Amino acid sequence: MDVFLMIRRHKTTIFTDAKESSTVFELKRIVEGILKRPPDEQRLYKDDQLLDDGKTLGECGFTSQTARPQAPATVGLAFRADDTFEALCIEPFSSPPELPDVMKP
């Protein structure tokens, strides 16, 4: 059972997938390969809830039917500068324009 995720921090979004049996620390490990930051410098989030490095992704909520390839679940990432952990900050995507007239019902 595979979940599909967007790991997001500031203006960065990682499109990756993992298993439900996979754990949050294992997800911090694949972040390390991509962003070159060890897991001890990583805080992961689902909405505003820090994820334990031992909880499986299914326990946090990431299931097959809430993390699909066409609608992937969002995981917040926060890095540690030196001693202090940075607060989670995610810049939103741009907004679409107003719906043109010939497309309005």
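Numbers follow the displayed sequence, beginning with 1. Here the rigid core means the biggest group of C-alpha atoms that line up within 1.5 Å when the two forms are laid on top of each other.
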When the other structures are laid on this one by the rigid core, do the CA atoms of 51-59 or of 73-81 sit farther away in 6 other deposited structures of this protein?
-> 73-81
Stretch with larger C-alpha RMS deviation in 6 other deposited structures of this protein, core superposed, 20-28 versus 82-90 | 82-90
Name the higher of the two by mean Cα B-factor in the PDB entry, 69-77 versus 23-31.
-> 23-31
Higher avg CA temperature factor (8-16 vs 78-86, as deposited) belongs to 78-86
